[PDB]
Amino acid sequence: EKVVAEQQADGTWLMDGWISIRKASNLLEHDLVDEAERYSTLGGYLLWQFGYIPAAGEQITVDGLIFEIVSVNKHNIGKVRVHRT
Amino acid sequence: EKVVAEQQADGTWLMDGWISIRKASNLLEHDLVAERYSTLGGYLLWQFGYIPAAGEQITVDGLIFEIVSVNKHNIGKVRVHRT
């Protein structure tokens, strides 16, 4: 009954950390999926990218996508902003 | 200065999550050597597949890793023993 992913008019996405990495990849039109299945959700993917629990504002750029941490909770990354470039 | 790894007489290790996976691998005599510059805390995040809670454990390759604490930035202290 709740929102996992939303896209603004300007094309930016706000996505929940528990979205599957395949769904994130599909929506962002970029294959983020690990061959060896080390991560399964967008939050898991980012935790793997950082190798620690990031703060708000930290970002990773992957193949021209910027992933900005918006919130983090006790069990996963929370809200992630994603935009190109 | 601050202690990154401690062993007890019964063979169990208490390690900081920031400890390198290289050092952990060496101390535990187990090839966890993860992406190699990885840390123990980073390794355990992807083993669990979420940020775990105090008292959770996971068994990987004949080693039991128990989360003792977790802070804002990484897994805090980890307790490791065999089998």
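Asker: Before we move on, could you go through the overall build of chain B and cite the residues and values that matter?
Answerer: Helices and strands together make up the secondary structure of chain B, namely 2 helices and 5 strands. Listing the helices and strands of chain B from first to last along the sequence gives β-β-α-α-β-β-β. Taking 2.2 N^0.38 as the reference for a compact globule, 83 residues should give roughly 12 Å; the C-alpha atoms of chain B span a radius of gyration of 11 Å, in line with that estimate. With the C-alpha coordinates of chain B rotated into their principal frame, the extents come out at 30 × 30 × 25 Å. Evaluated residue by residue, chain B yields a buried proportion of 41% over its 83 residues. In the form shown here, chain B has an accessible surface area of approximately 4,500 Å², with 51% of it arising from carbon and sulfur atoms. Here chain B carries 8 positive and 10 negative side-chain charges, and the mean point of each set is 6 Å from the other.

Asker: Break down the layout of surface pockets for me, citing the residues and quoting the values.
Answerer: Sizing a probe to match a water molecule and rolling it over the atoms shows the empty space that remains. Size it by volume and the largest pocket reaches roughly 230 Å³. Considering the residues around the largest pocket, the lining is formed by 15 residues, among which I53(A), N73(A), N71(B), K72(B) and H73(B) are closest to the centre. Class assignment for the residues of the lining of the largest pocket results in 10 nonpolar, 3 polar and 2 charged.

Asker: Could you give an account of the environment of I19(A), naming the residues involved and the relevant values?
Answerer: Residue and element names in this part refer to chain A. Positionally, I19 belongs in the loop between β2 (13–16) and α1 (21–28). With relative accessibility at 4%, the residue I19 sits in the buried group. Put simply, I19 and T41 are 22 residues apart on the chain and 5.5 Å apart in space, counted from C-alpha to C-alpha. Setting aside its immediate chain neighbours within four residues, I19 contacts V4, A5, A24, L27, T41 and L42.

Asker: Requested: an account of the sheet that holds strand β1 (residues 5–7) of chain A, with residues and values cited.
Answerer: All names here are of chain A. The antiparallel open sheet is built from 5 strands, whose spatial order is β1-β2-β5-β4-β3. Edge positions in the sheet fall to β1 and β3 (59–62), since each of these pairs with one other strand and no more. Shown here is a sheet whose adjacent strand axes are inclined to one another by a mean of 20 degrees, direction ignored. Bridge analysis of β1 against β2 gives 3 bridges, and the strand direction is antiparallel. Bridge pairing in β2 links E6 to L14. Sheet strands in contact with α1 are β1, β2, β4 (65–69) and β5 (79–84), and its direction is about 170 degrees off that of β2.

Asker: Provide a residue-level description of the pattern of salt bridges, including the pertinent values.
Answerer: Between side chains of opposite charge, a pair can form when the charged atoms approach closely. Applying the stated criterion across every chain yields a total of 6 salt bridges over all chains. The closest approach of N and O atoms between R38(A) and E35(B), which form a salt bridge, is 3.1 Å. One end of the pair, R38(A), is in the loop between α1 and α2 (42–50); the other, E35(B), is in the loop between α1 (21–28) and α2 (40–48), on a second chain. For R38(A), a relative accessible area of 27% corresponds to the partly exposed category. A salt bridge links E66(B) to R79(B), with the nearest nitrogen and oxygen atoms 2.7 Å apart. Residue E66(B) is located in strand β4 (residues 63–67), and its partner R79(B) is located in strand β5 (residues 77–82); the two are separated by 13 residues in the primary sequence. Among the residues examined, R79(B) registers a relative accessible area of 28% and is labelled partly exposed.

Analysis parameters
Residues numbered from 1 in each chain as written, not as in the entry; some residues may be left out. Chains lettered and ligands numbered in written order. Heavy atoms only, no water. Helix = DSSP H or I, 4+ residues; strand = E, 2+ residues; numbered from the N terminus. Rg over C-alpha atoms; globule rule 2.2 N^0.38 Å. Buried < 20%, exposed > 50% of the residue type's maximum accessible area, 1.4 Å probe, protein only. Areas by Shrake-Rupley, 256 points an atom, 1.4 Å probe, with all protein chains shown as cover. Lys, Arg positive; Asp, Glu negative; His and termini not counted. Charge placed at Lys NZ, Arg CZ, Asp CG, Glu CD. 1 Å grid on protein atoms, 1.4 Å probe; cavity = no way out; pocket = protein on both sides within 12 Å on 5 of 7 lines; lining within 4 Å. Points joined across faces, edges and corners; volume = space filled by probe spheres on them. Nonpolar A, V, L, I, M, F, W, Y, C, P; charged D, E, K, R; others polar. Contact = heavy atoms within 4.5 Å. Pairing = 2+ DSSP bridges. Axes fitted to C-alpha atoms, helices over the stretch in contact; angles between N-to-C directions. Salt bridge = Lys/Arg side-chain N within 4 Å of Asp/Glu carboxyl O.

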